[PDB]
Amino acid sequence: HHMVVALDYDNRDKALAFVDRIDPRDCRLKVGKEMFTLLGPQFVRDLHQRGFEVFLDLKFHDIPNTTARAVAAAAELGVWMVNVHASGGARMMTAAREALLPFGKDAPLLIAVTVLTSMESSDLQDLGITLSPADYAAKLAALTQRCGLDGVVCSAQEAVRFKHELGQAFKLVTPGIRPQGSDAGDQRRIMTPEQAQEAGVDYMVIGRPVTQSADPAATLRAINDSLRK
């Protein structure tokens, strides 16, 4: 499947009120920094007990030793996917990949964030980066692949280029998904679900356009219908 719904609530009951209205065939679920800081690993158990596979989206970005132990702790949790920041460096990503060797085929997918979907060219200029978001993401994606990771988090606007330069096997997870007529918010490098599918995206992450609608389950089912067709 392709759809991943971001559970970005500030309340455990509110999140579970939505999850109890949907089915694991509808999507996988993403647990991010907000809900994990409030609830910790028990929330991952809450979703597993309900039959969902979980993308643990904590974007580990630390020294190699710390990043490796954090990724191993995520693997002990049994999640479907976990990610790191590619701008954490090659030694960091390699330590992360080696930390998953003890878990064999049960290890989670190991993804690296390239350039966050909220960052535009002016955002990177404050950091001294002169490359466009696409070019910098491309550089970070190639480094991630060369370090042996399974794929990258990127904007859907980079999918066609990444699939062609890095191959079909390298997995692309794209947030910054916005249907026609939904507020962009802090997102910048965006694409409709239909546009992201055409680009070759493997997994599309959607949050606020689903979780903040008058009927989140129907919105999610409506998007899935548009892509399955």
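All residue numbers are counted from 1 along the displayed sequence.
*asked:* Going by the mean C-alpha B-factor recorded in the entry, which is higher: 67-75 or 155-163?
replied: That would be 155-163.
_Between the two ranges 39-47 and 165-173, the one averaging a larger CA B factor in the entry_ = Comparing 165-173 with 39-47, the higher average CA B-factor belongs to 165-173.
*From 62, 34, 57, 194, pick the one with the largest CA B-factor in the entry?*
When the deposited C-alpha B-factors of 62, 34, 57, 194 are compared, 194 is largest.
*Comparing residue 202 with the other modelled residues of its chain, is its CA B-factor in the lowest, middle or highest third?*
It belongs to the highest third of the chain when residues are ordered by C-alpha B-factor.
*Pull the Cα B-factor of residue 126 out of the PDB entry and bin it into the chain's lowest, middle or highest third.*
According to the entry, residue 126 has a C-alpha B-factor in the chain's middle third.
*In terms of the CA temperature factor given in the entry, to which third of its chain does residue 150 belong: lowest, middle or highest?*
According to the entry, residue 150 has a C-alpha B-factor in the chain's lowest third.
*Going by what the PDB entry lists, where does residue 105 fall on CA B-factor within its chain: lowest, middle or highest third?*
CA B-factor rank for residue 105: highest third.
*residue 53's Cα B-factor: lowest, middle or highest third of the chain?*
It falls in the bottom third of the chain.
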